[PDB]
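Trainee: here is my input; please provide its structure:
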Amino acid sequence: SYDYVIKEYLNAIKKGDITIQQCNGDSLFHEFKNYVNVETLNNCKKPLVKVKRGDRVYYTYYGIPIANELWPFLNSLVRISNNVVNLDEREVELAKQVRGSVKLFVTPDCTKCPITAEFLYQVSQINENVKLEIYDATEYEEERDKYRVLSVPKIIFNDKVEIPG
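Mentor: Residues are numbered from 1 along each chain as shown. Sure, the structure comes next:
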């Protein structure tokens, strides 16, 4: 069960103002409500969760961040709520240069996906000019195919599908 880990990560950050907007993942997020503000959106055909602090949207995860995506997801909540980033100074400077849409496709059965999500969650913290969206490719199959995604993790920048040659 996820109750203990959710408490261990979120009980402290209770003093912050992290806000999660979600839909179709009620049974998971009902527990988060014990620690952070949770808004449940209406009329969703597929699940999603948006992470905000005030009016700022840090990212939207299309699917439900469970299995190996839960740890990075909880970590991002704590980092955002405490306004801390762990990327080194060079990565930070470099990350601040990016602009526009950044879409990361993942699936649960994916070893390198959590590593990439964690890295991008931190980039979304450092750079408000980036619009980060994460997609569970098994759930959002149309999006996966639109961007010609086969293996994951796969990052798409500025909605551009890069095709060799």
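Trainee: what bridges to the residue nearest to the spatial centre of the chain?
Mentor: When the chain is reduced to its mean C-alpha position, the closest residue under Cα atoms, centre = their mean turns out to be residue 61, at 4.7 Å. Beta bridges link residue 61 to residue 49, residue 134 when assigned by DSSP bridges.
Trainee: so what's residue 17 closest to, chain neighbours aside?
Mentor: Once flanking residues are discounted, residue 17 sits nearest to residue 53: 5.7 Å by Cβ to Cβ, 6 or more residues apart in numbering. (C-beta placed from N, C-alpha, C; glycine too.)
Trainee: and the spatially closest residue to residue 10 that is not a sequence neighbour, backbone torsions?
Mentor: Spatial nearest neighbour of residue 10, excluding adjacent residues (Cβ to Cβ, 6+ apart): residue 35 at 3.9 Å. Per-residue torsions, residue 35: phi -120, psi -30 (degrees, to the nearest 10).
Trainee: before we move on, the earlier item: isn't the residue nearest to the centre of the chain right up against residue 70?
Mentor: No. With contact defined as Cβ atoms under 8 Å, residue 61 does not count as touching residue 70 (10.8 Å).
Trainee: so what's the residue nearest to residue 17 bridging to?
Mentor: When assigned by DSSP bridges, residue 53 has beta-bridge partners residue 18, residue 56.
Trainee: correct me if wrong: it contacts residue 16.
Mentor: Yes. Between residue 53 and residue 16 there is a contact at 7.5 Å, judged by Cβ under 8 Å.
Trainee: pull up the overlap in contacts between those two.
Mentor: Residues touching both residue 53 and residue 16 (Cβ atoms under 8 Å, 6 or more residues apart in numbering): residue 81.
Trainee: against residue 9, how distant is the residue nearest to the centre of the chain?
Mentor: Separation of residue 61 from residue 9 (Cβ to Cβ, to the nearest Å): 16 Å.
Trainee: kindly report the same for residue 69.
Mentor: Separation of residue 69 from residue 9 (Cβ to Cβ): 14 Å.
Trainee: more crowded one of the two?
Mentor: Neighbour tally, residue 69 and residue 9, criterion other Cβ atoms under 10 Å: the higher count belongs to residue 69, 22 against 17.
Trainee: what sits closest to that one if chain neighbours are left out?
Mentor: The nearest residue in space to residue 69 (Cβ to Cβ, 6+ apart) is residue 114, at 6.0 Å.
Trainee: now do the same contact list for that neighbour.
Mentor: For residue 114, the contacting residues are 68, 69, 71, 72, 106, by Cβ under 8 Å, 6+ apart.
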